[PDB]
Amino acid sequence: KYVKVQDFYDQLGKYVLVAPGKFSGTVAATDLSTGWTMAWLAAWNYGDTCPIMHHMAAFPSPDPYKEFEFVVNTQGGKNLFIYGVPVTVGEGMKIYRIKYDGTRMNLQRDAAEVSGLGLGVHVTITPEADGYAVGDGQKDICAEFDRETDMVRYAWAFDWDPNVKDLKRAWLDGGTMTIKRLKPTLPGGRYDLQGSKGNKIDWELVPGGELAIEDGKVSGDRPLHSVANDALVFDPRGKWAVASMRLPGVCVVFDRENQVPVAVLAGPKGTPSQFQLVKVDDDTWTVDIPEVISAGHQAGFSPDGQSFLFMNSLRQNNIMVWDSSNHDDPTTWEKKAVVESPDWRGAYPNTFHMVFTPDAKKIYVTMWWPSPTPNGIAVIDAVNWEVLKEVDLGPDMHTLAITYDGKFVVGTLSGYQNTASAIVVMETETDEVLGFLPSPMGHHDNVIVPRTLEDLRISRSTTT
Amino acid sequence: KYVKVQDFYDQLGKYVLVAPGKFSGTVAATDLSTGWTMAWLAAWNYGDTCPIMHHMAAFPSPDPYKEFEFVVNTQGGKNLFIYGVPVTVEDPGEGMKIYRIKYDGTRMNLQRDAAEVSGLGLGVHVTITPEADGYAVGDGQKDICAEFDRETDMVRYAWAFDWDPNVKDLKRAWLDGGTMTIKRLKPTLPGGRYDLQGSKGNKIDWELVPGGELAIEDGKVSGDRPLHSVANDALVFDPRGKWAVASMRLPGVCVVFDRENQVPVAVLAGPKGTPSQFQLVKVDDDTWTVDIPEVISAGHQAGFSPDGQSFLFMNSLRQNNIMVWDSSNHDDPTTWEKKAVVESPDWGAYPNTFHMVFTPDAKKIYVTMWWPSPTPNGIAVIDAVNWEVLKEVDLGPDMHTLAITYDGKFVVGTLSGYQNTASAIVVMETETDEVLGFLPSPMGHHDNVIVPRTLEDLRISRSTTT
Ligand SMILES: [Cu+2]
Ligand SMILES: [Cu+2]
Ligand SMILES: [Cu+2]
Ligand SMILES: [Cu+2]
Ligand SMILES: [Cu+2]
Ligand SMILES: [Cu+2]
Ligand SMILES: [Cu+2]
Ligand SMILES: [Cu+2]
Ligand SMILES: [Cu+2]
Ligand SMILES: [Cu+2]
Ligand SMILES: [Cu+2]
Ligand SMILES: [Cu+2]
Ligand SMILES: [Cu+2]
Ligand SMILES: [Cu+2]
Ligand SMILES: [Cu+2]
């Protein structure tokens, strides 16, 4: 007579959802098979004073219900003032290490404290699970870190040198981006880059962002020199990592072990496949970009690593795909398809998160707009590189994760920090929305805890 | 062939849940007909220094999807060190804020701290007046309660309470009895305002915990005046109007008050094998006393059936039961006689039974069964016509409040993981009392409400019970 919600959870299998809350200041893991919050943690409790918990990634655990670790970072400073919240008040850029122990979440350490390097945007796990990487776009630094020591393996620092020394034309009329090896300054191999240290801009570029800096609405010490770095993502086949740079519309493919950049991929339609990487000294490389056609954002590899994706955003909205089958040489990576839609012609929507099915035949991609247009999810034919369908969901759509058996896509909507928020679930057989679960959180990220190294091919490792 | 969770919600109705988060420092509204959080707020975002969001009560609105308003308080100080979380801030904000918050159909807005308006900060239960024309808050660290005007946030009246133990050692301070003083608390600053914000007036440094009466007796509760505590909890209202009843955990008595004339009228004695009442004696225009010979159990949960004929006060700890008064004589609460106890062979020291909700017809009540970790907590279903336990169901760690859908169809509760482990929203239907399931809830809720539509709704919301 009465409808039981456990009938709903039962289909989804034995999977743990974890998501950070941005302005809520909490991080929260959820049992998708019973509907319980297994545990949550509020950073304010540990003396954090802008706990804007931002991006996160979970390491594989052979049994998440007994134990899992993940990495979650924060933002602070003037990131507080960006959204709808009439705030009346900490630099953020903390890299917290946290273990769920079968019962509670336990803060283990701040790794930006250990390493000396604080970084505010995407967190990713290595394909080996022996490390993680973070990027930040206020400092324009990404680094891989060791799992065991929380020390930096390599860090890279990026600078824009505009052709036109004015914020309106700084990117459009092109210029030169410098790829620089960033080395420690402090005793014991530590950096002096915690919190604010080394910010070029006093807050992260939000969506629609590149215009705000162009038009001068974004203060800081060096905005003419921003490239806004977002993510360092991983080739699921090892060796390579790719740093995405939002403003000049490029990714750089780094060699992981040899600690060198190897290819610079060009994002927009109307550019070749790659630009031309140019060694200056041992620590320094450059790349010429005659004009920037569009700012890009989302990047990621298919889980077999045959395919490599960048989202152009705003000036163009599409998905750029490269042929990445040659594991051997990323200089040989060539454009193979572009994903466009008639519905992508305007300034919005934008496509800033994704997940693949494990068989590499579909992607699911978020579709973002400011209030009030509702946001949603496009389904991508990842073989034919075609839009299959677009379902509208609601306000402020963020990330997408997928249960590892390929069956459900678990997403977050985060209400611009001030309105409706939720977890949406979508089955992947016929892509019907099964519905929404209460998520009183500002999530800009979400994971299902993975069990295996292979699981990470579709977690927060290969894509953001 | 897939189950849609939308079908779960489609049955629930057009109801809107609100719960505060305690150590999560957040408050959220959930739409029970869709799954969505409608909005959430994070107090830290407003320079709140200890955002332990604590008790809440919501005002009726013709359409809560268009607008509702609520009241939410905070705790600060050594309350932070109470739980399993190894908080690291040693010298936290004082809490005792009283937030007025409006949901405008899109978001939550912090209106004002009513405790800054009035000068009177209070940390425990928050309840709405049944004319919905104000609210009340109580507090067991400073043992004061008070009704506020909804429109000015100024105090209508405030009562301080103080204990004078027969035997002046913390072990015997309540068991060997004593005398409680009820004192009219008048404002001492310009603008009709009190000087009682933050930790001001604290007699002990934390609200006593369930089972806590022992911990204070043993000298384990620090503070200025631990011997002079009564641990006031709540000021709940007769839904017929007229009376507010104040609950005192350590003496095991509730004081009935005339809300319009601002005098106490009765003192109801909680424990089995005490009379109905104890003699309320008048000293002067501002001061009453009552002698309690000996205090045989601490009490906690206190409130009224939706029709006002019954008033309940749960003994907790030394006895565990539900004490029930014949409260039908709305003209004269000196005539309120005990008519029944509720017992259970499986009640006690624990479980501790510290929240309740009635059905709108006043036929059943759902009461919380609380234990420390790891004993499963849950809900007991009571027969309120016969005064018997019908059923108990096991749910999970750290059960807290109960609300009910206004058609009377779904009890909706919260479990709060001790601030550190599992937490959820619980749905249970009232026709045959089955547990329909759980909804993620990442908060340490000590309260939750369903936003009422009418004045009649409130009789089964945060107004009559806590
Ligand atoms: Cu982000
Ligand atoms: Cu310059
Ligand atoms: Cu991003
Ligand atoms: Cu190879
Ligand atoms: Cu967004
Ligand atoms: Cu973000
Ligand atoms: Cu996002
Ligand atoms: Cu209903
Ligand atoms: Cu309480
Ligand atoms: Cu004394
Ligand atoms: Cu209470
Ligand atoms: Cu009357
Ligand atoms: Cu509790
Ligand atoms: Cu409670
Ligand atoms: Cu409480």
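Here Cβ is always computed from backbone atoms with ideal geometry, including for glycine, and neighbour counts include all displayed protein chains. Any read-out appearing in this document is the output of simple, stated calculations on the displayed coordinates, not a laboratory observation.
If a/c stays under 1.5 just call it rounded; otherwise compare a/b with b/c (prolate if a/b is bigger, oblate if not). Do that for segment A:220-273, with a ≥ b ≥ c from the square roots of the Cα gyration tensor eigenvalues.
Numbers: a/c = 2.36, a/b = 1.41, b/c = 1.67.
Taking the square roots of the gyration eigenvalues as a ≥ b ≥ c, segment A:220-273 is oblate.
Mind giving me the FRET efficiency for B:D133 and A:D63? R0 is 60 Å, r the Cβ-Cβ distance, nearest 0.05 is fine. Each step should come with its number before you reach the end.
Details: r = 55 Å, r/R0 = 0.92.
Calculated transfer efficiency: 0.60.
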Practice task
Determine which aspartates and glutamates satisfy two conditions relative to B:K272: a Cα distance under 20 Å, and not lying fewer than 8 residues away in the same chain.
Solution key: B:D176, B:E213, B:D291, B:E294, B:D326, B:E337, B:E343, B:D346, B:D383, B:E388
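Give, as a single signed number, the net charge of other residues whose beta carbon lies under 11 Å from the beta carbon of A:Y15, with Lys and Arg counted +1 and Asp and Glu -1.
Working: positive: A:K14, A:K407, A:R451; negative: A:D31, A:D405, A:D455.
It works out to a net charge of 0.
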Practice task
Name the shape class, rounded, prolate or oblate, that the alpha-carbon gyration tensor gives for chain B, where a ≥ b ≥ c are the square roots of its eigenvalues, rounded holds for a/c under 1.5, and otherwise prolate holds if a/b is larger than b/c and oblate otherwise.
Solution key: rounded
Fill in the blank from the handout: The alpha-carbon center of segment B:41-78 and that of segment B:390-421 are separated, in whole Å, by 20
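Using a cut-off of 14 Å between beta-carbons, work out the net charge of the residues near A:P60 (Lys and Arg +1, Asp and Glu -1, A:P60 not included). Kindly include the intermediate steps, with their values, before the conclusion.
Details: positive: A:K66, A:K99, A:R147, A:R451, A:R457, A:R460; negative: A:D63, A:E67, A:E69, A:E128, A:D130, A:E454, A:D455.
Taking every Cβ under 14 Å from that of A:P60, the sum is -1.
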Completion exercise
Output row, site B:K171, 7 Å Cα→C-beta label point, backbone N cut-off 19 Å, window segment B:226-241, residues B:226-228
Exercise for the section: State the answer as a single residue: which of B:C50, B:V342, A:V3 lies farthest towards the positive end of the charge dipole of the protein assembly as shown, with beta carbon charges of +1 for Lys and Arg and -1 for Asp and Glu, about the Cα centre. Expected result: B:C50
Handout entry: Positive dipole terminus of segment B:221-340, leading residue within B:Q301, B:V281, B:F311 (C-beta point charges)
Key = B:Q301
Problem - Cα gyration tensor shape for the protein assembly as shown, rounded if a/c is under 1.5, else prolate or oblate - result: prolate
Exercise for the section: Taking the dipole about the Cα centre of the protein assembly as shown, with the C-beta of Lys and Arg at +1 and of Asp and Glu at -1, give me whichever of A:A212, B:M428, A:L434 is farthest to the positive side. Expected result: A:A212
Handout entry: Likely footprinting exposure, B:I322, A:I448, fewest C-beta neighbours within 10 Å first
Key = B:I322, A:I448
Practice task
Run the dipole for the protein assembly as shown about the Cα centre, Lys and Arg Cβ at +1, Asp and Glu Cβ at -1, nothing else charged, and hand back the magnitude in debye, nearest 20.
Solution key: 700
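Within the set A:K78/B:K22; A:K139/A:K180; A:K361/B:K1, which residue pairs have Cα atoms separated by over 19 Å? Don't skip to the end; give the middle numbers.
On the way: A:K78/B:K22 26 Å; A:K139/A:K180 13 Å; A:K361/B:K1 23 Å.
Beyond 19 Å: A:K78/B:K22; A:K361/B:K1.
Quick one: B:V411, A:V252, A:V89, B:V435, fewest Cβ neighbours within 10 Å first, how do they rank?
Values: B:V411 24, A:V252 27, A:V89 12, B:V435 19.
Ranked by crowding around the Cβ, least crowded first: A:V89, B:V435, B:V411, A:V252.
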Exercise for the section: Round to a whole angstrom and tell me the spacing of the C-alpha centers of segment B:139-202 and segment A:265-324. Expected result: 68
Completion exercise
Toy charge model, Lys and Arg Cβ at +1, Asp and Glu Cβ at -1: chain A dipole around Cα centroid in debye, rounded to 20, equals 700
Problem - Structure-based [θ]222 nm, chain B - -39500 (n - 2.57) summed over DSSP H runs of at least 4, per residue, nearest 500 - result: -500 deg cm²/dmol
Completion exercise
Total charge of the residues flanking B:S416 in space, meaning their Cβ is under 14 Å from its Cβ, with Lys and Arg +1 and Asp and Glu -1, is 0
Handout entry: Approximate spin-label separation B:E116-A:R147, in nm, with each point projected 7 Å along Cα-to-Cβ
Key = 4.8
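As a footprinting exposure proxy, order B:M369, B:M96 by other Cβ within 10 Å, with the fewest listed first.
Values: B:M369 26, B:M96 30.
In increasing order of surrounding Cβ atoms, one gets B:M369, B:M96.
Working out 0.36 nm times the residue gap between A:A347 and A:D192, then minus their Cα-Cα distance, what length gain in nm do you get to one decimal?
Details: separation 155, 0.36 × 155 = 55.80 nm, distance 3.88 nm.
That works out to 51.9 nm of additional length.
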